[PDB]
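In the entry's author numbering, the protein residues as written are 42 to 168.
Right, here's the structure in full:
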């Protein structure tokens, strides 16, 4: 079965802001997770064809991944930090919902989520 259109990363109808929290989400949060040895399954939208997951998009209706988040941050898609934090949490939750609890990919998400939670705990105050 086919992949859906990816989540949007560009929309001139959507109002945008550049804020110090969003800057931190790129410079600290995304960068920390992206360079991790376990980042690779999360660096692009789930490719149900390549990965032979024909039911993935039957089950997962709000897909999200760090490639999309990276584009949203680099291309100033967000208004606030909570939108971006929600995207990360959607990505993790999708992984835990779709995959079996003993899968390596769940351990990988868990390790990335541990770092995410630490960095979000230190989210800078709004300027």
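We put the beta carbon where it would ideally sit given N, CA and C, even for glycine.
- Close CB contacts of residue 147 within its chain, under the 6 Å cut and outside five residues either way in sequence, are with 140 (chain order).
- Counting other Cβ atoms within 10 Å of its Cβ, residue 109 reaches 16 or more and is therefore classed as buried.
- By the beta-carbon neighbour count (other beta carbons within 10 angstroms, threshold 16), residue 113 is buried.
- DSSP places residue 101 in the coil class of the three-state scheme, outside both helix and strand.
- A distance below 8 Å between beta-carbons, with the five flanking residues on each side excluded, links residue 95 to the following residues of its chain, in chain order: 42 and 89.
- Inside the region 51-131, DSSP marks no whole beta strand (DSSP E) run of 3 or more residues.
- Membership of residue 149 in the alpha helix (DSSP H) is indicated by the continuous run 145-162.
- For residue 149, the closest C-alpha among the options 117, 80, 99 and 46 is that of 80.
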